[PDB]
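Trainee: Input structure: target-v1.txt, which contains compact mmCIF, N, CA and C atoms.
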# COMPACT_ATOMS: atom_id res chain seq x y z
N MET A 210 -7.04 42.23 -12.83
CA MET A 210 -7.26 42.94 -14.08
C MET A 210 -6.33 42.41 -15.16
N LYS A 211 -6.60 42.85 -16.39
CA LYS A 211 -5.76 42.54 -17.54
C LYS A 211 -5.96 43.61 -18.60
N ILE A 212 -4.86 44.08 -19.19
CA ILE A 212 -4.91 45.06 -20.27
C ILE A 212 -4.94 44.26 -21.57
N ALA A 213 -6.12 44.16 -22.18
CA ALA A 213 -6.26 43.40 -23.41
C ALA A 213 -5.65 44.12 -24.60
N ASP A 214 -5.72 45.45 -24.63
CA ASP A 214 -5.29 46.20 -25.80
C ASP A 214 -4.96 47.63 -25.38
N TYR A 215 -4.21 48.32 -26.24
CA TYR A 215 -3.91 49.73 -26.02
C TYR A 215 -4.63 50.65 -27.00
N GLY A 216 -5.03 50.15 -28.16
CA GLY A 216 -5.76 50.96 -29.12
C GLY A 216 -4.84 51.89 -29.89
N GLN A 217 -5.40 52.48 -30.94
CA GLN A 217 -4.68 53.40 -31.81
C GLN A 217 -5.20 54.81 -31.58
N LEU A 218 -4.28 55.75 -31.35
CA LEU A 218 -4.62 57.14 -31.11
C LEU A 218 -3.73 58.03 -31.96
N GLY A 219 -4.35 58.94 -32.71
CA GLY A 219 -3.62 59.93 -33.47
C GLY A 219 -2.97 59.38 -34.72
N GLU A 220 -2.73 60.26 -35.70
CA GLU A 220 -2.12 59.86 -36.96
C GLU A 220 -1.52 61.09 -37.62
N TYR A 221 -0.67 60.85 -38.61
CA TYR A 221 -0.12 61.94 -39.41
C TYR A 221 -1.17 62.44 -40.39
N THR A 222 -1.40 63.75 -40.40
CA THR A 222 -2.46 64.35 -41.19
C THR A 222 -1.92 65.49 -42.04
N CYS A 223 -2.60 65.75 -43.15
CA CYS A 223 -2.24 66.87 -44.01
C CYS A 223 -2.33 68.17 -43.22
N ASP A 224 -1.36 69.06 -43.45
CA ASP A 224 -1.30 70.31 -42.69
C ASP A 224 -2.50 71.21 -42.98
N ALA A 225 -3.02 71.18 -44.20
CA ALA A 225 -4.11 72.08 -44.57
C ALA A 225 -5.38 71.83 -43.78
N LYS A 226 -5.60 70.60 -43.30
CA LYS A 226 -6.81 70.28 -42.57
C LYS A 226 -6.81 70.97 -41.21
N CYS A 227 -8.00 71.35 -40.75
CA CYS A 227 -8.15 72.18 -39.56
C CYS A 227 -8.73 71.43 -38.37
N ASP A 228 -8.79 70.10 -38.42
CA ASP A 228 -9.33 69.33 -37.31
C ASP A 228 -8.68 67.95 -37.30
N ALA A 229 -9.13 67.10 -36.38
CA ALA A 229 -8.57 65.76 -36.23
C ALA A 229 -9.69 64.79 -35.90
N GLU A 230 -9.36 63.51 -35.95
CA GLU A 230 -10.34 62.44 -35.81
C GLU A 230 -10.21 61.73 -34.47
N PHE A 231 -11.23 60.95 -34.14
CA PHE A 231 -11.19 60.09 -32.96
C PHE A 231 -10.71 58.70 -33.34
N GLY A 232 -9.80 58.17 -32.54
CA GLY A 232 -9.28 56.83 -32.76
C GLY A 232 -10.17 55.77 -32.15
N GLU A 233 -9.61 54.58 -32.00
CA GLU A 233 -10.29 53.47 -31.35
C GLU A 233 -9.59 53.16 -30.04
N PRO A 234 -10.11 53.58 -28.89
CA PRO A 234 -9.39 53.38 -27.63
C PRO A 234 -9.24 51.91 -27.28
N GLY A 235 -8.40 51.66 -26.28
CA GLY A 235 -8.06 50.31 -25.90
C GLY A 235 -9.17 49.63 -25.12
N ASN A 236 -8.83 48.48 -24.55
CA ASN A 236 -9.78 47.65 -23.82
C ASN A 236 -9.12 47.10 -22.57
N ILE A 237 -9.87 47.07 -21.47
CA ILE A 237 -9.42 46.50 -20.21
C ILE A 237 -10.46 45.49 -19.77
N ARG A 238 -10.00 44.38 -19.19
CA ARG A 238 -10.86 43.26 -18.84
C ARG A 238 -10.69 42.91 -17.37
N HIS A 239 -11.78 42.46 -16.75
CA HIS A 239 -11.75 41.96 -15.38
C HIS A 239 -11.88 40.44 -15.41
N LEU A 240 -10.99 39.77 -14.68
CA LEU A 240 -10.95 38.31 -14.65
C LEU A 240 -10.88 37.84 -13.20
N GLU A 241 -11.33 36.61 -12.97
CA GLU A 241 -11.32 36.03 -11.64
C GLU A 241 -11.12 34.52 -11.75
N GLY A 242 -10.67 33.92 -10.64
CA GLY A 242 -10.35 32.51 -10.62
C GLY A 242 -11.07 31.80 -9.50
N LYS A 243 -10.57 30.61 -9.16
CA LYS A 243 -11.19 29.74 -8.18
C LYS A 243 -10.13 28.89 -7.50
N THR A 244 -10.48 28.36 -6.33
CA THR A 244 -9.63 27.45 -5.58
C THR A 244 -10.35 26.12 -5.40
N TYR A 245 -9.59 25.02 -5.43
CA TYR A 245 -10.15 23.68 -5.43
C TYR A 245 -9.81 22.95 -4.13
N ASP A 246 -10.44 21.79 -3.95
CA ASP A 246 -10.40 21.06 -2.68
C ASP A 246 -9.99 19.62 -2.92
N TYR A 247 -9.15 19.09 -2.04
CA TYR A 247 -8.68 17.71 -2.07
C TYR A 247 -9.03 17.07 -0.74
N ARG A 248 -9.66 15.89 -0.77
CA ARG A 248 -10.16 15.27 0.45
C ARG A 248 -10.13 13.76 0.33
N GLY A 249 -10.14 13.10 1.48
CA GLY A 249 -10.14 11.64 1.54
C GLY A 249 -10.40 11.17 2.95
N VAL A 250 -10.56 9.85 3.08
CA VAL A 250 -10.92 9.23 4.35
C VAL A 250 -10.49 7.77 4.33
N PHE A 251 -10.06 7.26 5.48
CA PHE A 251 -9.71 5.86 5.64
C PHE A 251 -10.02 5.42 7.06
N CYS A 252 -10.30 4.13 7.23
CA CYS A 252 -10.73 3.58 8.51
C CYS A 252 -9.96 2.30 8.81
N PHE A 253 -9.89 1.96 10.10
CA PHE A 253 -9.15 0.80 10.57
C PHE A 253 -10.00 -0.02 11.53
N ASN A 254 -9.58 -1.26 11.77
CA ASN A 254 -10.14 -2.07 12.84
C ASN A 254 -9.20 -2.03 14.04
N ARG A 255 -9.74 -1.73 15.22
CA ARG A 255 -8.90 -1.38 16.35
C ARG A 255 -8.00 -2.54 16.77
N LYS A 256 -8.57 -3.73 16.94
CA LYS A 256 -7.77 -4.85 17.44
C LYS A 256 -6.70 -5.26 16.44
N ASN A 257 -7.06 -5.35 15.16
CA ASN A 257 -6.08 -5.72 14.14
C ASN A 257 -4.96 -4.69 14.08
N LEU A 258 -5.31 -3.41 14.09
CA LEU A 258 -4.29 -2.37 14.04
C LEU A 258 -3.40 -2.40 15.28
N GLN A 259 -3.97 -2.76 16.43
CA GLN A 259 -3.19 -2.78 17.66
C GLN A 259 -2.31 -4.02 17.79
N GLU A 260 -2.68 -5.12 17.14
CA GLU A 260 -1.90 -6.35 17.24
C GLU A 260 -0.91 -6.54 16.10
N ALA A 261 -1.11 -5.88 14.96
CA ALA A 261 -0.15 -5.98 13.87
C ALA A 261 1.22 -5.52 14.34
N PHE B 165 -6.52 -1.99 5.96
CA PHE B 165 -5.71 -3.22 6.20
C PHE B 165 -6.37 -4.14 7.21
N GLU B 166 -7.45 -4.79 6.80
CA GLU B 166 -8.14 -5.74 7.66
C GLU B 166 -7.35 -7.03 7.74
N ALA B 167 -7.37 -7.67 8.91
CA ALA B 167 -6.58 -8.88 9.11
C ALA B 167 -6.98 -9.98 8.14
N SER B 168 -8.19 -9.92 7.60
CA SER B 168 -8.68 -10.96 6.70
C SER B 168 -8.16 -10.83 5.28
N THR B 169 -7.42 -9.76 4.96
CA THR B 169 -6.92 -9.54 3.61
C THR B 169 -5.41 -9.58 3.48
N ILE B 170 -4.67 -9.53 4.59
CA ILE B 170 -3.22 -9.52 4.55
C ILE B 170 -2.69 -10.85 5.05
N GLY B 171 -1.39 -11.07 4.87
CA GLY B 171 -0.78 -12.34 5.16
C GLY B 171 -0.52 -12.56 6.64
N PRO B 172 -0.36 -13.82 7.05
CA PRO B 172 -0.14 -14.10 8.48
C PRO B 172 1.14 -13.51 9.04
N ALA B 173 2.11 -13.16 8.19
CA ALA B 173 3.43 -12.78 8.69
C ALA B 173 3.39 -11.56 9.59
N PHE B 174 2.32 -10.76 9.54
CA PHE B 174 2.28 -9.52 10.30
C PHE B 174 1.90 -9.73 11.75
N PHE B 175 1.49 -10.94 12.14
CA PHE B 175 1.04 -11.23 13.49
C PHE B 175 1.83 -12.40 14.05
N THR B 176 2.47 -12.19 15.20
CA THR B 176 3.25 -13.24 15.87
C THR B 176 2.50 -13.73 17.10
N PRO B 177 2.20 -15.02 17.21
CA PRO B 177 1.42 -15.50 18.35
C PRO B 177 2.22 -15.53 19.64
N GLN B 178 1.48 -15.52 20.75
CA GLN B 178 2.07 -15.57 22.08
C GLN B 178 2.60 -16.98 22.35
N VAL B 179 3.80 -17.06 22.90
CA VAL B 179 4.44 -18.35 23.19
C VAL B 179 4.18 -18.70 24.64
N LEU B 180 3.47 -19.80 24.87
CA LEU B 180 3.13 -20.25 26.21
C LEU B 180 4.18 -21.23 26.73
N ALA B 181 4.41 -21.17 28.04
CA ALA B 181 5.40 -22.02 28.70
C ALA B 181 4.76 -23.27 29.30
N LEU B 182 4.12 -24.08 28.47
CA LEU B 182 3.53 -25.34 28.92
C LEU B 182 3.61 -26.36 27.81
N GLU B 183 3.66 -27.64 28.19
CA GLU B 183 3.69 -28.74 27.25
C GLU B 183 2.75 -29.84 27.72
N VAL B 184 2.13 -30.52 26.76
CA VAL B 184 1.15 -31.56 27.02
C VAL B 184 1.80 -32.91 26.80
N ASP B 185 1.58 -33.84 27.73
CA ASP B 185 2.20 -35.16 27.65
C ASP B 185 1.29 -36.16 28.34
N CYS B 186 0.66 -37.04 27.56
CA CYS B 186 -0.26 -38.03 28.09
C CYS B 186 0.37 -39.40 28.32
N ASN B 187 1.68 -39.53 28.10
CA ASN B 187 2.31 -40.84 28.18
C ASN B 187 2.37 -41.34 29.62
N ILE B 188 2.42 -42.67 29.76
CA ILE B 188 2.36 -43.33 31.06
C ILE B 188 3.40 -44.44 31.12
N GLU B 189 3.71 -44.87 32.34
CA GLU B 189 4.69 -45.93 32.57
C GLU B 189 4.16 -46.80 33.71
N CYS B 190 3.91 -48.08 33.41
CA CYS B 190 3.30 -48.97 34.38
C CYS B 190 4.25 -49.25 35.54
N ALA B 191 3.66 -49.57 36.70
CA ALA B 191 4.45 -49.90 37.88
C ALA B 191 5.20 -51.20 37.66
N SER B 192 6.38 -51.30 38.26
CA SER B 192 7.27 -52.43 38.03
C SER B 192 7.23 -53.42 39.20
N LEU B 193 7.34 -54.70 38.86
CA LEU B 193 7.46 -55.77 39.85
C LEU B 193 8.91 -56.10 40.18
N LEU B 194 9.85 -55.24 39.77
CA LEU B 194 11.26 -55.62 39.82
C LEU B 194 11.72 -55.92 41.24
N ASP B 195 11.34 -55.10 42.21
CA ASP B 195 11.86 -55.26 43.57
C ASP B 195 11.38 -56.55 44.23
N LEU B 196 10.37 -57.21 43.68
CA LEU B 196 9.95 -58.50 44.24
C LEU B 196 10.98 -59.58 43.96
N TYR B 197 11.58 -59.57 42.77
CA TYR B 197 12.45 -60.65 42.35
C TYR B 197 13.76 -60.64 43.14
N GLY B 198 14.40 -61.81 43.18
CA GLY B 198 15.68 -61.91 43.85
C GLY B 198 16.79 -61.32 43.00
N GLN B 199 17.80 -60.76 43.67
CA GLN B 199 18.88 -60.05 43.01
C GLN B 199 20.15 -60.90 43.03
N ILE B 200 20.82 -60.98 41.88
CA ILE B 200 22.06 -61.72 41.73
C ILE B 200 23.04 -60.86 40.94
N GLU B 201 24.32 -60.93 41.29
CA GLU B 201 25.38 -60.19 40.62
C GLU B 201 26.36 -61.16 39.99
N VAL B 202 26.68 -60.94 38.72
CA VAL B 202 27.65 -61.76 37.99
C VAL B 202 28.61 -60.84 37.25
N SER B 203 29.74 -61.41 36.84
CA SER B 203 30.73 -60.67 36.07
C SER B 203 31.18 -61.42 34.82
N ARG B 204 30.46 -62.47 34.41
CA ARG B 204 30.78 -63.20 33.20
C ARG B 204 29.49 -63.60 32.51
N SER B 205 29.61 -63.96 31.23
CA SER B 205 28.45 -64.26 30.41
C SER B 205 27.77 -65.57 30.78
N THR B 206 28.37 -66.39 31.64
CA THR B 206 27.78 -67.66 32.02
C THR B 206 28.04 -67.92 33.50
N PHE B 207 27.19 -68.77 34.09
CA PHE B 207 27.27 -69.07 35.51
C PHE B 207 26.65 -70.44 35.76
N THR B 208 26.92 -70.98 36.94
CA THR B 208 26.45 -72.31 37.32
C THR B 208 25.90 -72.29 38.74
N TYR B 209 24.97 -73.21 39.01
CA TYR B 209 24.44 -73.41 40.35
C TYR B 209 23.87 -74.81 40.44
Can you give me the file's structure in the form of C-alpha cells?
Mentor:
Amino acid sequence: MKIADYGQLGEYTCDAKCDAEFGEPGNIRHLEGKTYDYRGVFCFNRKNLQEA
Amino acid sequence: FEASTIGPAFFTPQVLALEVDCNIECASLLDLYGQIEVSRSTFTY
C-alpha cells in the first residue's frame, strides 16, 4: 500500500453559522512489483577439457 | 574454450623413452692385417 494524500478536513468558521461543510478526504493507492530472472549456459569439449 | 581457438601452451605432450637411429658401421678387415708395434716416427726393415 501507499498513502498518497491525507486531504483537508474542517476549517475555522463564523460562530453565527449553524452547520459545517464536507472537506476533500485523502487518497490511498495499491501498488505491486515484479521479480526478474538471470540465466546463462556454456558447453565444453570433453577431451580438450580433460587434457588442458 | 575449444582446443582450436587457444594457444598450444595449455597442452604438454607425452615424453616417450625411445630414440630413432638409422646409422650404420661397415665391418672391418683390420684383424686380417699383420700387427706391428713401434715407438718412434720412423723404422727400417
Trainee: Give me, as a VMD selection string, the residues of chain B touching chain A, with the criterion being at most 8 Å (counting only N, CA and C atoms).
Mentor: chain B and resid 165 to 167 173 to 176
Trainee: Would you output that residue set with N, CA and C atoms, as a PDB file, in the frame of the given file?
Mentor:
ATOM      1  N   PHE B 165      -6.520  -1.990   5.960  1.00  0.00           N
ATOM      2  CA  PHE B 165      -5.710  -3.220   6.200  1.00  0.00           C
ATOM      3  C   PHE B 165      -6.370  -4.140   7.210  1.00  0.00           C
ATOM      4  N   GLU B 166      -7.450  -4.790   6.800  1.00  0.00           N
ATOM      5  CA  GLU B 166      -8.140  -5.740   7.660  1.00  0.00           C
ATOM      6  C   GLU B 166      -7.350  -7.030   7.740  1.00  0.00           C
ATOM      7  N   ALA B 167      -7.370  -7.670   8.910  1.00  0.00           N
ATOM      8  CA  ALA B 167      -6.580  -8.880   9.110  1.00  0.00           C
ATOM      9  C   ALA B 167      -6.980  -9.980   8.140  1.00  0.00           C
ATOM     10  N   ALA B 173       2.110 -13.160   8.190  1.00  0.00           N
ATOM     11  CA  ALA B 173       3.430 -12.780   8.690  1.00  0.00           C
ATOM     12  C   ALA B 173       3.390 -11.560   9.590  1.00  0.00           C
ATOM     13  N   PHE B 174       2.320 -10.760   9.540  1.00  0.00           N
ATOM     14  CA  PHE B 174       2.280  -9.520  10.300  1.00  0.00           C
ATOM     15  C   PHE B 174       1.900  -9.730  11.750  1.00  0.00           C
ATOM     16  N   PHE B 175       1.490 -10.940  12.140  1.00  0.00           N
ATOM     17  CA  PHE B 175       1.040 -11.230  13.490  1.00  0.00           C
ATOM     18  C   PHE B 175       1.830 -12.400  14.050  1.00  0.00           C
ATOM     19  N   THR B 176       2.470 -12.190  15.200  1.00  0.00           N
ATOM     20  CA  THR B 176       3.250 -13.240  15.870  1.00  0.00           C
ATOM     21  C   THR B 176       2.500 -13.730  17.100  1.00  0.00           C
TER      22      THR B 176
END
Trainee: Distance atom CA of residue 240 of chain A-atom N of residue 214 of chain A, one decimal place?
Mentor: 13.3 Å
Trainee: How many Å separate atom N of residue 209 of chain B from atom N of residue 193 of chain B?
Mentor: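 It comes out at 25.6 Å.
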Trainee: Box for segment 177-191 of chain B - axis-aligned, 4 Å on each of the six sides, all listed atoms - centre and size in Å to one decimal, as lines of an AutoDock Vina configuration file.
Mentor:
center_x = 2.6
center_y = -33.1
center_z = 27.5
size_x = 13.7
size_y = 44.2
size_z = 28.7
Trainee: In Å, rounded to a single decimal, give me how far atom C of residue 228 of chain A is from atom CA of residue 213 of chain A.
Mentor: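 Atom-to-atom, atom CA of residue 213 of chain A to atom C of residue 228 of chain A, that is 28.3 Å.
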Trainee: I need the strand (DSSP E or B) residues of chain A per DSSP on the backbone, written as a ChimeraX atom specification.
Mentor: /A:211-217,233-238
